[PDB]
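Novice: Got a file for you: target33.json, JSON, C-alpha atoms.
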```
[["chain", "number", "residue", "atom", "x", "y", "z"],
["A", 7, "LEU", "CA", 7.22, -12.32, 8.25],
["A", 8, "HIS", "CA", 7.40, -10.18, 11.40],
["A", 9, "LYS", "CA", 5.89, -6.77, 12.15],
["A", 10, "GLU", "CA", 8.07, -3.92, 13.42],
["A", 11, "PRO", "CA", 6.86, -0.59, 14.77],
["A", 12, "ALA", "CA", 7.17, 2.68, 12.85],
["A", 13, "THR", "CA", 5.96, 6.24, 13.21],
["A", 14, "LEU", "CA", 4.22, 8.42, 10.65],
["A", 15, "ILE", "CA", 6.13, 11.25, 9.12],
["A", 16, "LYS", "CA", 4.05, 12.10, 6.09],
["A", 17, "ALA", "CA", 1.67, 10.35, 3.70],
["A", 18, "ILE", "CA", 2.72, 11.27, 0.11],
["A", 19, "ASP", "CA", -0.09, 9.68, -1.90],
["A", 20, "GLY", "CA", -2.10, 6.49, -1.90],
["A", 21, "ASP", "CA", 0.73, 4.00, -2.00],
["A", 22, "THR", "CA", 3.81, 5.93, -0.84],
["A", 23, "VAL", "CA", 4.33, 7.08, 2.74],
["A", 24, "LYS", "CA", 7.33, 8.45, 4.67],
["A", 25, "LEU", "CA", 7.87, 6.77, 8.05],
["A", 26, "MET", "CA", 10.39, 6.81, 10.89],
["A", 27, "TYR", "CA", 11.76, 3.27, 10.90],
["A", 28, "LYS", "CA", 14.50, 2.21, 13.37],
["A", 29, "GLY", "CA", 15.38, 5.85, 13.98],
["A", 30, "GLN", "CA", 15.62, 7.12, 10.40],
["A", 31, "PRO", "CA", 13.22, 8.77, 7.94],
["A", 32, "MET", "CA", 12.39, 6.35, 5.17],
["A", 33, "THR", "CA", 10.02, 6.38, 2.16],
["A", 34, "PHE", "CA", 7.93, 3.20, 1.82],
["A", 35, "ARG", "CA", 6.09, 1.93, -1.26],
["A", 36, "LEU", "CA", 3.15, -0.34, -0.45],
["A", 37, "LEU", "CA", 3.75, -3.90, -1.72],
["A", 38, "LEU", "CA", 1.45, -5.56, -4.28],
["A", 39, "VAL", "CA", -0.85, -2.65, -4.96],
["A", 40, "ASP", "CA", -1.15, 0.22, -7.41],
["A", 41, "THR", "CA", -3.35, 3.21, -6.53],
["A", 42, "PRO", "CA", -4.23, 5.96, -9.00],
["A", 43, "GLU", "CA", -1.59, 8.74, -8.92],
["A", 44, "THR", "CA", -1.99, 12.28, -7.72],
["A", 45, "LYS", "CA", 1.24, 13.28, -9.41],
["A", 46, "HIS", "CA", 3.44, 12.29, -12.36],
["A", 47, "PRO", "CA", 2.93, 14.06, -15.71],
["A", 48, "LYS", "CA", 2.84, 10.63, -17.23],
["A", 49, "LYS", "CA", -0.67, 10.63, -15.73],
["A", 50, "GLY", "CA", -1.31, 13.79, -13.68],
["A", 51, "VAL", "CA", -4.08, 13.55, -11.09],
["A", 52, "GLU", "CA", -5.86, 10.35, -12.13],
["A", 53, "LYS", "CA", -9.47, 9.56, -11.08],
["A", 54, "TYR", "CA", -9.71, 8.15, -7.52],
["A", 55, "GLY", "CA", -6.15, 9.35, -6.84],
["A", 56, "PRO", "CA", -7.14, 12.08, -4.36],
["A", 57, "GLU", "CA", -9.48, 9.52, -2.79],
["A", 58, "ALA", "CA", -6.83, 6.80, -2.55],
["A", 59, "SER", "CA", -4.47, 9.39, -1.15],
["A", 60, "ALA", "CA", -6.84, 10.66, 1.52],
["A", 61, "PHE", "CA", -7.77, 7.14, 2.53],
["A", 62, "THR", "CA", -4.15, 6.10, 3.18],
["A", 63, "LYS", "CA", -3.52, 9.39, 4.95],
["A", 64, "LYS", "CA", -6.48, 9.14, 7.28],
["A", 65, "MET", "CA", -5.91, 5.54, 8.25],
["A", 66, "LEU", "CA", -2.36, 6.37, 9.14],
["A", 67, "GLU", "CA", -2.96, 9.64, 10.93],
["A", 68, "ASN", "CA", -5.70, 8.22, 13.18],
["A", 69, "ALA", "CA", -3.81, 5.08, 14.10],
["A", 70, "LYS", "CA", -2.70, 4.15, 17.58],
["A", 71, "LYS", "CA", 0.02, 1.87, 16.29],
["A", 72, "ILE", "CA", 1.67, 1.64, 12.86],
["A", 73, "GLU", "CA", 3.66, -1.46, 11.89],
["A", 74, "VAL", "CA", 5.66, -2.37, 8.83],
["A", 75, "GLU", "CA", 6.10, -5.90, 7.58],
["A", 76, "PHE", "CA", 8.76, -6.71, 4.97],
["A", 77, "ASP", "CA", 8.20, -9.70, 2.65],
["A", 78, "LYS", "CA", 10.72, -12.53, 1.85],
["A", 79, "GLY", "CA", 12.39, -10.78, -1.10],
["A", 80, "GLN", "CA", 14.33, -7.59, -1.55],
["A", 81, "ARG", "CA", 13.27, -4.93, 0.91],
["A", 82, "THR", "CA", 13.96, -1.75, -1.13],
["A", 83, "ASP", "CA", 13.30, -0.88, -4.80],
["A", 84, "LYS", "CA", 15.64, 0.93, -7.23],
["A", 85, "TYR", "CA", 14.51, 4.30, -5.83],
["A", 86, "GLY", "CA", 15.53, 3.37, -2.33],
["A", 87, "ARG", "CA", 11.94, 2.92, -1.12],
["A", 88, "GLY", "CA", 11.14, 0.25, 1.51],
["A", 89, "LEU", "CA", 8.85, -2.45, 0.09],
["A", 90, "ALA", "CA", 6.39, -3.46, 2.78],
["A", 91, "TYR", "CA", 2.93, -4.27, 4.01],
["A", 92, "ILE", "CA", 1.83, -1.49, 6.33],
["A", 93, "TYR", "CA", -0.60, -1.98, 9.21],
["A", 94, "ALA", "CA", -2.69, 0.60, 11.09],
["A", 95, "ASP", "CA", -4.07, -0.79, 14.38],
["A", 96, "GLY", "CA", -3.60, -4.28, 13.00],
["A", 97, "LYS", "CA", -5.40, -3.64, 9.70],
["A", 98, "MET", "CA", -3.35, -3.94, 6.52],
["A", 99, "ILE", "CA", -3.65, -0.74, 4.54],
["A", 100, "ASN", "CA", -2.65, -2.51, 1.34],
["A", 101, "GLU", "CA", -5.67, -4.80, 1.64],
["A", 102, "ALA", "CA", -7.99, -2.02, 2.88],
["A", 103, "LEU", "CA", -7.30, 0.01, -0.30],
["A", 104, "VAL", "CA", -7.95, -2.96, -2.56],
["A", 105, "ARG", "CA", -11.07, -4.03, -0.66],
["A", 106, "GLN", "CA", -12.42, -0.48, -1.24],
["A", 107, "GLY", "CA", -11.80, -0.41, -4.95],
["A", 108, "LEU", "CA", -9.10, 2.27, -4.44],
["A", 109, "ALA", "CA", -6.14, 0.17, -5.73],
["A", 110, "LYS", "CA", -5.54, -2.67, -8.19],
["A", 111, "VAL", "CA", -3.31, -5.65, -7.24],
["A", 112, "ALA", "CA", 0.08, -4.90, -8.88],
["A", 113, "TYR", "CA", 2.21, -7.10, -11.09],
["A", 114, "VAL", "CA", 3.71, -9.56, -8.62],
["A", 115, "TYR", "CA", 7.43, -10.38, -8.28],
["A", 116, "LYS", "CA", 8.37, -13.53, -6.40],
["A", 117, "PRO", "CA", 9.30, -14.04, -3.81],
["A", 118, "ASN", "CA", 7.68, -10.80, -2.67],
["A", 119, "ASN", "CA", 4.20, -12.27, -2.96],
["A", 120, "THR", "CA", 3.25, -13.64, 0.43],
["A", 121, "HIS", "CA", -0.11, -11.85, 0.69],
["A", 122, "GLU", "CA", -0.91, -12.09, -3.02],
["A", 123, "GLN", "CA", -3.84, -14.51, -2.73],
["A", 124, "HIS", "CA", -5.52, -12.61, 0.06],
["A", 125, "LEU", "CA", -5.22, -9.34, -1.81],
["A", 126, "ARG", "CA", -6.57, -10.95, -4.94],
["A", 127, "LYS", "CA", -9.58, -12.19, -3.01],
["A", 128, "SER", "CA", -10.34, -8.70, -1.75],
["A", 129, "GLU", "CA", -9.92, -7.23, -5.22],
["A", 130, "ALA", "CA", -12.44, -9.68, -6.72],
["A", 131, "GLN", "CA", -14.94, -8.70, -4.00],
["A", 132, "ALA", "CA", -14.46, -5.02, -4.67],
["A", 133, "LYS", "CA", -14.95, -5.73, -8.36],
["A", 134, "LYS", "CA", -18.14, -7.69, -7.63],
["A", 135, "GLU", "CA", -19.41, -4.78, -5.50],
["A", 136, "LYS", "CA", -18.42, -2.39, -8.28],
["A", 137, "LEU", "CA", -16.65, -0.04, -5.86],
["A", 138, "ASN", "CA", -14.78, 3.10, -6.88],
["A", 139, "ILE", "CA", -12.38, 2.31, -9.71],
["A", 140, "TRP", "CA", -14.51, -0.68, -10.57],
["A", 141, "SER", "CA", -17.64, 1.51, -10.87]]
```
Before anything else, please render the file you have as structure tokens.

Specialist:
Amino acid sequence: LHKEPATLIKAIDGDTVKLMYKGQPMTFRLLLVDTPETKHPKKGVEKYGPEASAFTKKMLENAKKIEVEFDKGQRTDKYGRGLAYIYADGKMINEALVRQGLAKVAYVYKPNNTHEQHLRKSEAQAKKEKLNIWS
């Protein structure tokens, strides 16, 4: 997998962000993680959703460099969102959310599962520390 640069346009909630990627606006869904939702009536504002949302937002808005990394599988979902690991100054936001107890590892779809193990490790640690959704 290689990293490519991108530029922030707007964070939408914890696991969806709009970025400028190779000249175009594009909506990206973070791979392998589910954060609580700030929207969707099927839900509403779930607990830790505003928190997950502000955490993704802040990491992205205070970054020097943002990079997107596609996995080995399909690169967009049925809604036209890019499916990617997103990095702020070299730190993967998908892992940072999970390590903080602000996201669960999602149901995994091969072959888009390259960082699955790593994420699962961080989720078990957050669970052990009883952080945020695990509290």

Novice: Between atom CA of residue 46 of chain A and atom CA of residue 26 of chain A, what distance in Å does the model show, to one decimal?

Specialist: 24.9 Å

Novice: Tell me which of A:88, A:42, A:107, A:55 sits closest to residue 130 of chain A, counting only C-alpha atoms.

Specialist: A:107

Novice: Skip residue 34 of chain A itself and residues of its chain fewer than 3 positions away, then list as a VMD selection string all residues within 9 Å of it, counting only C-alpha atoms.

Specialist: chain A and resid 21 to 25 37 82 86 to 90 92

Novice: Okay, now the selection with C-alpha atoms, as a compact mmCIF listing (two decimals), in the frame of the given file?

Specialist:
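New file out-v1.txt:
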```
# COMPACT_ATOMS: atom_id res chain seq x y z
CA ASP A 21 0.73 4.00 -2.00
CA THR A 22 3.81 5.93 -0.84
CA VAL A 23 4.33 7.08 2.74
CA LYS A 24 7.33 8.45 4.67
CA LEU A 25 7.87 6.77 8.05
CA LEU A 37 3.75 -3.90 -1.72
CA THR A 82 13.96 -1.75 -1.13
CA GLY A 86 15.53 3.37 -2.33
CA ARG A 87 11.94 2.92 -1.12
CA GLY A 88 11.14 0.25 1.51
CA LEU A 89 8.85 -2.45 0.09
CA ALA A 90 6.39 -3.46 2.78
CA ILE A 92 1.83 -1.49 6.33
```

Novice: Considering all atoms listed in the file, state which residue in the set A:101, A:95, A:129, A:19 is at the smallest distance from residue 65 of chain A.

Specialist: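 Using all atoms listed in the file, the shortest distance to residue 65 of chain A belongs to A:95.
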
Novice: In Å, how far is it from atom CA of residue 52 of chain A to atom CA of residue 126 of chain A?

Specialist: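 Rounded to one decimal, the two atoms are 22.5 Å apart.
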
Novice: Counting only C-alpha atoms, which of A:97, A:116, A:9, A:49 gets nearest to residue 70 of chain A?

Specialist: A:97

Novice: Check the smallest atom-to-atom distance from each of A:124, A:104, A:139, A:76 to residue 8 of chain A using only C-alpha atoms, then report the winner.

Specialist: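 Distance minimum relative to residue 8 of chain A lands on A:76.
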
Novice: Could you jot down the atom CA of residue 115 of chain A to atom CA of residue 79 of chain A separation for me, Å, one decimal place?

Specialist: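 Distance reported for this atom pair: 8.7 Å.
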
Novice: Filtering to C-alpha atoms, could segment 60-117 of chain A of the supplied structure be written out as a short mmCIF file (atom, residue, chain, number, x, y, z; two decimals), in the first residue's frame?

Specialist:
```cif
data_model
loop_
_atom_site.label_atom_id
_atom_site.label_comp_id
_atom_site.auth_asym_id
_atom_site.auth_seq_id
_atom_site.Cartn_x
_atom_site.Cartn_y
_atom_site.Cartn_z
CA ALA A 60 -14.46 16.30 17.21
CA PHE A 61 -11.48 13.99 17.56
CA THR A 62 -11.30 13.25 13.82
CA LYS A 63 -11.87 16.91 13.06
CA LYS A 64 -9.13 18.19 15.33
CA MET A 65 -6.51 15.70 14.21
CA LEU A 66 -7.16 16.65 10.65
CA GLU A 67 -7.39 20.39 11.07
CA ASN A 68 -4.12 20.64 13.03
CA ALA A 69 -2.14 18.42 10.72
CA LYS A 70 0.87 19.50 8.70
CA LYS A 71 0.41 16.71 6.20
CA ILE A 72 -2.62 14.51 5.43
CA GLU A 73 -2.18 11.27 3.48
CA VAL A 74 -4.62 8.68 2.22
CA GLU A 75 -3.79 5.03 1.80
CA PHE A 76 -6.09 2.75 -0.20
CA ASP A 77 -6.15 -0.98 0.66
CA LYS A 78 -5.86 -3.95 -1.83
CA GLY A 79 -9.59 -4.24 -2.56
CA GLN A 80 -12.20 -1.97 -4.04
CA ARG A 81 -11.43 1.68 -3.39
CA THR A 82 -14.99 3.14 -3.28
CA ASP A 83 -18.22 1.88 -1.66
CA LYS A 84 -21.74 1.88 -3.17
CA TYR A 85 -22.20 5.53 -2.14
CA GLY A 86 -19.15 6.63 -4.06
CA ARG A 87 -17.03 7.16 -0.94
CA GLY A 88 -13.27 6.45 -1.04
CA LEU A 89 -12.33 3.57 1.28
CA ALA A 90 -9.02 4.39 2.91
CA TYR A 91 -6.72 4.62 5.88
CA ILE A 92 -6.13 8.29 6.62
CA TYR A 93 -2.95 9.63 8.20
CA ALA A 94 -2.35 12.95 9.98
CA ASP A 95 1.38 13.72 10.39
CA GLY A 96 2.09 10.02 9.97
CA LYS A 97 -0.44 8.85 12.58
CA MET A 98 -3.32 6.71 11.35
CA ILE A 99 -6.58 8.29 12.40
CA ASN A 100 -8.41 4.97 12.07
CA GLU A 101 -6.15 3.44 14.72
CA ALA A 102 -6.10 6.60 16.89
CA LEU A 103 -9.93 6.48 17.19
CA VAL A 104 -9.92 2.80 18.12
CA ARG A 105 -7.04 3.17 20.56
CA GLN A 106 -9.11 5.89 22.32
CA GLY A 107 -12.26 3.85 22.64
CA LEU A 108 -14.02 6.18 20.14
CA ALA A 109 -14.63 3.53 17.42
CA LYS A 110 -15.17 -0.23 17.20
CA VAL A 111 -13.34 -2.33 14.55
CA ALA A 112 -15.92 -2.84 11.75
CA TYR A 113 -17.01 -6.03 10.04
CA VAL A 114 -14.06 -6.80 7.78
CA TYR A 115 -14.28 -7.55 4.03
CA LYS A 116 -11.29 -9.19 2.39
CA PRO A 117 -9.18 -8.24 0.81
#
```
